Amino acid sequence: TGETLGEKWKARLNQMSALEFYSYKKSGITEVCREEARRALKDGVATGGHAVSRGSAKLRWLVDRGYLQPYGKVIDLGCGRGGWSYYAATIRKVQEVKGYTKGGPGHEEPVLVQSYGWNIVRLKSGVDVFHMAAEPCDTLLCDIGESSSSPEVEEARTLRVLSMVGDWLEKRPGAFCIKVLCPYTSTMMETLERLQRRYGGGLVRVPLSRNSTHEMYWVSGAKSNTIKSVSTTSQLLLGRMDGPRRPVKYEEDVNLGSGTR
């Protein structure tokens, strides 16, 4: 034994041919079509309302359902191109958005557009948040955690992120949304129970996530049980391996409009 449902999922995923993998990875998931956004942004459209990444749709999914309620000064850790920061800036109660990402050679760089509220956004590349000192904020967002074929690596990278965000959470933001790349190992589930006892919130699987990642979002507006919410997600991803391939559900891409606040 000792294999976790998610660890069993990850092995199977590892044992899957390329062929099994790419019909699996989107089997039955929710998705936005980026074709129009990607073309407009390539051409230089800044006021067409496009999201700079699929990230805006994911945060929209959570905010549309109250899984979190951004407000005040938003900090966006690992902001990449900025999908979460620009989405944050359209929300009425939000007043300031500060995004930080590493950028450079292998890493997404911030994209400058003029979606609604763009003028309260500042994205800063060249920042390794692991060496950034924590600062107060009202809404704490973190979308760091890069996929790996090894679950030991994914655990390691998730633990590293979670230790870092502890210092930010100790400043007591009222709202938060933290990517947990690997929630599925025994160490992670225990760690996550402990964090939830101290800081509240709970885990949510965003259905725009692909079947090839077990990521879940630790959000201030959930009250869910760690073991049940993570195990439920492992069985979901296991069960989409055994059935025949399901179609993708598209939602509309986000229209972030345009204009200053």
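Sequential numbering from 1, following the sequence displayed.
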Which of 174-182 and 91-99 has higher mean CA B factor, as the PDB entry lists it: 91-99
So 157-165 or 122-130, which one's hotter by mean CA B-factor in the entry? 122-130
According to the deposited entry, which of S56, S231, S27, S220 has the largest Cα B-factor? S27
Whose C-alpha has the highest temperature factor in the PDB entry: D76, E190, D138, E108? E108
Going by the entry, which third of its chain does the Cα temperature factor of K42 land in? highest
Ranking every modelled residue in this chain by its Cα temperature factor as given in the entry, which third contains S148? highest
By the entry's values, the third containing the CA B factor of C142 is the lowest
Cα B factor band for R34 (lowest, middle or highest third within the chain): highest
Entry-reported C-alpha B-factor of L62 relative to its chain, by third, is middle
